[PDB]
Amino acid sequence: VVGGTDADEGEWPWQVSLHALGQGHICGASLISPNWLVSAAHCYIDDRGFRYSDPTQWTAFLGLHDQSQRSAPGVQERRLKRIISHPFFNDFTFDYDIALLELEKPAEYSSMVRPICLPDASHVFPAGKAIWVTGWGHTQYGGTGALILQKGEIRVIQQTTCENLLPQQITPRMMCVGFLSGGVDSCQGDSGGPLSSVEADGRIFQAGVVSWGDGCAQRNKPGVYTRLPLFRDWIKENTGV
């Protein structure tokens, strides 16, 4: 996260960190039930002689605050049982950039470990609304990750505006969230993490999945996120959640 601040301990109990073998943190994910996480499909594609699609290659850290304190009280370590990349995921256009991750063993609910709410297919996160992006990703593009979980407040951008900023590249599956000014945005290491939206009773719903961007926090290049509502049924069909 560029231009964010330190998160308070257990402020985002659905934020998950995914580590690939001998590589450390690669991507974020969100806890959605005792057994399932939502993440980005591009995180789990075989490349350079490593099987990122092989569930055995990953470790998930739930209730993590600081990457240097992975053994702190309440941090839960979990292996993966299966990875479901969306059938329509396109590695050239980044369309349908969403994945489901099955925990080998259920998460134990606590004040640091708690699922995020999922929106119904008909629910709209309205343009202009303030939502949060969280992650251990870079605090500058071409920079370095943060040890302490970062949070940044960004705003939902109209699809037409989004399309015009990034011509021929945005699909109905994608949503621009950020600022035309830049300054606050997700960055490398943030992929697969949830957009958190405070709703009517204060409960937080997942608005999207960190996916891609043209650098980080640049003017007229806001973050591109995978929308959640249109995947509600696909999620249910595959997970029972």
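Numbering starts at 1 and runs along the sequence shown.
Asks: On mean Cα temperature factor in this entry, is 190 to 198 or 51 to 59 the higher one?
Replies: Higher mean C-alpha B-factor in the PDB entry: 51 to 59.
Asks: Would you mind comparing 204 to 212 and 63 to 71 for me and telling me which has the higher average C-alpha temperature factor in the entry?
Replies: Mean B over CA atoms: larger for 63 to 71.
Asks: Mind checking which third residue 19 falls in for C-alpha B-factor across the chain?
Replies: As the PDB entry reports it, the C-alpha B-factor of residue 19 lands in the middle third of its chain.
Asks: Rank-wise, by C-alpha B-factor, drop residue 235 into the lowest, middle or highest third of its chain.
Replies: It belongs to the middle third of the chain when residues are ordered by C-alpha B-factor.
Asks: Going by the CA temperature factor in the PDB record, which third of the chain does residue 120 belong to: lowest, middle or highest?
Replies: CA B-factor rank for residue 120: lowest third.
Asks: Within this chain, which third does the Cα B-factor at residue 25 fall in: lowest, middle or highest?
Replies: As the PDB entry reports it, the C-alpha B-factor of residue 25 lands in the lowest third of its chain.
Asks: Split the chain's modelled residues into thirds by Cα B-factor; is residue 103 in the lowest, middle or highest one?
Replies: Highest third of the chain for residue 103's C-alpha B-factor.
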